[PDB]
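**Student:** show me how the following folds:
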Amino acid sequence: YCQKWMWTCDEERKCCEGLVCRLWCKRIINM
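**Tutor:** Numbers count the residues shown, from 1 in each chain. Right below this line is the structure:
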(Lines give C-alpha, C1' and ligand atoms only; values in the text may rest on other atoms or scores of the structure.)
Protein backbone atom coordinates (compact mmCIF):
# COMPACT_ATOMS: atom_id res chain seq x y z
CA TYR A 1 0.00 0.00 0.00
CA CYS A 2 1.00 3.66 0.42
CA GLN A 3 -0.19 6.79 2.24
CA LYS A 4 2.18 9.72 1.66
CA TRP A 5 5.40 9.46 3.66
CA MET A 6 5.65 10.19 7.39
CA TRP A 7 2.34 8.35 7.70
CA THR A 8 1.26 6.93 11.08
CA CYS A 9 3.03 3.62 11.78
CA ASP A 10 1.13 0.62 13.17
CA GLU A 11 0.68 -3.16 12.97
CA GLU A 12 -0.47 -2.77 9.38
CA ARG A 13 0.30 0.62 7.84
CA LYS A 14 0.13 1.83 4.24
CA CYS A 15 3.26 3.74 3.14
CA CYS A 16 5.19 2.70 0.04
CA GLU A 17 7.74 -0.12 0.25
CA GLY A 18 10.41 2.56 -0.03
CA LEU A 19 9.92 3.81 3.53
CA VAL A 20 10.96 2.67 7.01
CA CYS A 21 8.49 2.27 9.88
CA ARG A 22 9.08 4.23 13.09
CA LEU A 23 6.52 6.69 14.47
CA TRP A 24 6.13 8.11 10.96
CA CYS A 25 7.54 7.10 7.56
CA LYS A 26 11.01 8.64 7.30
CA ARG A 27 13.16 9.03 4.18
CA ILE A 28 16.70 7.67 3.82
CA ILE A 29 20.05 9.16 2.81
CA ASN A 30 23.71 8.13 2.62
CA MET A 31 25.40 11.54 2.64
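
**Student:** grab the most central residue of this structure for me.
**Tutor:** residue 25 (2.7 Å; C-alpha atoms, centre = their mean).

**Student:** grab the nearest non-local neighbour of that one.
**Tutor:** residue 19 (4.1 Å; C-beta to C-beta, 6 or more residues apart in numbering). Backbone N, C-alpha and C define where each C-beta goes, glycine included.

**Student:** ok, that neighbour - contacts?
**Tutor:** By C-beta atoms under 8 Å, 6 or more residues apart in numbering, the contact list for residue 19 reads 5, 25, 26, 27.

**Student:** what does residue 4 give?
**Tutor:** By C-beta under 8 Å, 6+ apart, residue 4 lies in contact with nothing.

**Student:** how near is it to residue 16?
**Tutor:** As for residue 4, its distance to residue 16 is 9 Å (criterion: C-beta to C-beta, to the nearest Å).

**Student:** may I have the phi/psi pair for the residue nearest to the centre of the chain?
**Tutor:** With angles defined as degrees, to the nearest 10, residue 25 shows backbone torsions of phi -40, psi 120.

**Student:** and if you look at residue 26?
**Tutor:** phi -120, psi 140.

**Student:** relative to residue 5, how far out is it?
**Tutor:** Distance of residue 26 to residue 5, computed by C-beta to C-beta: 8 Å.
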